[PDB]
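Sharing a structure, written as structure tokens. Questions coming.
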Amino acid sequence: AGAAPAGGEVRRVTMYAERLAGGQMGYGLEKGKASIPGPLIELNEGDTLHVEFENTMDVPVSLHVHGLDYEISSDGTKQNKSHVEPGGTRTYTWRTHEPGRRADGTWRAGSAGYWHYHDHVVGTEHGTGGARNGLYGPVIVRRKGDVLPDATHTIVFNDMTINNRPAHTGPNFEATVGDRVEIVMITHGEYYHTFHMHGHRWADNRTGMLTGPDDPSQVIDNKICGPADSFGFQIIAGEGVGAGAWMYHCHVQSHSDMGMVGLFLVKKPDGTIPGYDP
Amino acid sequence: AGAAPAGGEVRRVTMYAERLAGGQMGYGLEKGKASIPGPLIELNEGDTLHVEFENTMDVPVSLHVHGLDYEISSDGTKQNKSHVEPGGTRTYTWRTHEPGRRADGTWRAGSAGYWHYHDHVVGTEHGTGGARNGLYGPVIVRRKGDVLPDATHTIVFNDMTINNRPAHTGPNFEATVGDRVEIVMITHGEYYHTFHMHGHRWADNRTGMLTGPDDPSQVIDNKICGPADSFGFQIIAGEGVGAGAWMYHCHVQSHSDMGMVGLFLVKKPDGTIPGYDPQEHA
Amino acid sequence: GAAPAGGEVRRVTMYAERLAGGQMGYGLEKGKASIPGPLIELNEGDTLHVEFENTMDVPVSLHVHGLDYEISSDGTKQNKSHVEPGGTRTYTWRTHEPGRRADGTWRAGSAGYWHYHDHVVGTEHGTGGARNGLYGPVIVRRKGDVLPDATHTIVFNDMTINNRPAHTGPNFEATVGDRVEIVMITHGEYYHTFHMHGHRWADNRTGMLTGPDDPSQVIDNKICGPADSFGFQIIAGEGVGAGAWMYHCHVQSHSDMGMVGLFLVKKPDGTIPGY
Ligand SMILES: [Cu+2]
Ligand SMILES: [Cu+2]
Ligand SMILES: [Cu+2]
Ligand SMILES: [Cu+2]
Ligand SMILES: [Cu+2]
Ligand SMILES: [Cu+2]
Ligand SMILES: [Cu+2]
Ligand SMILES: [Cu+2]
Ligand SMILES: [Cu+2]
Ligand SMILES: [Cu+2]
Ligand SMILES: [Cu+2]
Ligand SMILES: [Cu+2]
């Protein structure tokens, strides 16, 4: 496929927090276009992102990010006066760095990985109301040379829902056999979960794939996660197994039974999915 | 003793789902011989396994496997009509592959690992009643060169039970100091747990053993696990610690207090276990 | 600095003592018990004989994770190595280096972030003892391991941090650029997720990537359950600057009900802007 380049660009983007239907709340890149989860932010190690944020809502909101470099004034917490009053604006700055050798011979780990942002002030000073309402989104930081996927799908286990959706309503994702598909998997709220995919597996490391025959990372199809965990992987759709409606679900038994299930709909080249009948 | 050879053979096994005493259900390789946990299935990477499956019960049942390759017709779900009606039969096919490089340059991970199979249709569309009743078992897929154990033991944290056994009834496993002992650990149901072993430790990687001095995997004696998690390891029994009645238990405090505990009985060569009074462990 | 090779036989006295408010703790001298207990540090190959005294009116024990101990140092009533009220016992912990065995396999060393705790107070798995505060960290270093400028232990004990009242920390101070080591232990009934604002670490033995070839995930959030232990080292404020950097359990209601603390990273002049 493609390969991520070396980073180092200074980037800008506008972001809004807005109310959505039925007490929900979401982030968006354009007014009236908020979504749960929020827009995918992608950066290359070295990039700087200035987020020109605006709160269109009637209550304070903030933007807090995992993993990336930010100064304390972009913490997005009320305690550090980094929240945004109703109608207010503020520029959050996120920075990223390459790995490299420190002066003392140690190895500084880079920014790359599967990360996320979310509100930190709605409902409580820890964003408990903001997370419930839908104020979360994925951030991917790529290392130079990372393979780029054909498509990227974000799955958020938010309490007992997926992406704040009604029970038993997916979401479903479509691919064709051989597609390189990237899953970003984020958890929020109160519960632990176990994320599981039928017919596909991945390595429990940074990229979700073994670096080669010297990489001892476990290969899994079932992963325990809890509030604010994030991980990701790339799989080849239908590799070794073929086309079909491949279930993904939380494997906590009452959780799948109550509707934390969706489908990885993998099609043959002719567009068919053998045996699928919803 | 020994090492795993290269896979590539086409293997076949018969499997039966059967009701067992106490309202339980289990899988077995021979009729009337079901067990909880189900029979240990071991394959070498590259092997194919045809499972000739018969449901001897009055309710639909299925066979769903983690980790291994299978086409959608062997998914073992009602939704894809790969369940088995009462009294019915079906052949499930599991395949496995060796690691290698893709044309796009990336590494395709092999199937090797500590995996497991279980029912997917008893009680609910996700097998909630089936796993609770005992329809679960272990699958080990070995990579060429993997070290082989002197014995393999399977420990399943199924809800608040170990292997569906009553509280404070084990199971216990015996070995002799120096034995290479393999543990397969699987979790099912509703609850997270933490598996702990006294006197022994393992690496948090595929085999549970470090490859050599360049493996940075954390070495642990306590591992959080949730429903359908599976991992495994090998330990040298008593290595650097000696014989004795070595406890394993869930380390969630109320869980150990309520009976999620067992004993790794490591014997001296003369068959004796120092300091082991069984009634003091009751 | 860097860790030397181990191999020394050490001795130390340890006491179990009642503390205020129904609590209990370990200490190295009488009247100096603390929660969490004293940090025990060893180099792979060291032996530690713990000369243990129970100054309490109820039986107590000492049980350790990860280190090599014979069955007589199990610290369990079940194997009769608990300590009656007023009694004394010597517990012996050993450690070893990694190396190749005869069969050709690689024997894992003792090095890592581990912990000790009681096994007999309240129940025969020490449920009361952990709750009351009988726990503490153990670090076993491999030769050449980087040494930190300071070490702080964070224990998530049920819904508390280090048995502290809700929302009262503990707070830890550092200066921008300090090499700070965290030992993170969990006890009790609940799973948690440990999170630090402004910093990240590697999910491996040392919390540091060995170099460009280590594929471990870099994380700032980690799920942990009872008796899990892990540790890491971070450069305080590296790339982010001074500030009152929050750490907390990320299970939402847990941070709301008290599992929050501050990593107070100062400028070289000792000030924290905006705090
Ligand atoms: Cu769940
Ligand atoms: Cu499955
Ligand atoms: Cu967060
Ligand atoms: Cu499933
Ligand atoms: Cu448990
Ligand atoms: Cu222990
Ligand atoms: Cu499953
Ligand atoms: Cu124990
Ligand atoms: Cu918590
Ligand atoms: Cu954060
Ligand atoms: Cu936070
Ligand atoms: Cu313990």
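One-based numbering, in listed order, for ligands and for the atoms of each. Scope of the values below: all heavy atoms of this structure, side chains included, with no hydrogens, waters or symmetry mates. Throughout, protein chains are lettered first and strands after them, A, B, ... in sequence-line order, and every chain is numbered starting at 1.
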B/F231 CZ: over 12 foreign heavy atoms closer than 6.0 Å
yes

How is the N/O/S atom of B/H196 that comes nearest to the Cu ion (ligand 6) named?
NE2

Is the Cu ion (ligand 6) under 2.8 Å from any N, O or S atom of C/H63?
yes

Determine, for A/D159 against A/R132, whether the closest basic-nitrogen to carboxylate-oxygen distance falls under 4.0 angstrom.
no

Hey, do the aromatic rings of B/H118 and A/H251 have their centres closer than 6.0 Å?
yes

Assess whether a salt bridge exists between B/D204 and C/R205, defined as any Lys/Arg side-chain N lying under 4.0 Å from an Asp/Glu carboxylate O.
no

Can you give me the NE2-the Cu ion (ligand 12)-NE2 angle for C/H65 and C/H117, to 10°?
120°

Donor-acceptor contact below 3.5 Å, side chain C/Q252 vs main chain A/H188:
no

Compute the ring centroids of B/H281 and B/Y276, then answer whether they are less than 6.0 Å apart.
yes

Run through the protein N/O/S atoms less than 2.8 Å from the Cu ion (ligand 1) and write them out by chain and number.
A/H193 ND1, A/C250 SG, A/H255 ND1

Is the count of non-hydrogen atoms from other residues, nucleotides or ligands lying under 6.0 Å from C/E70 atom CD greater than 12?
no

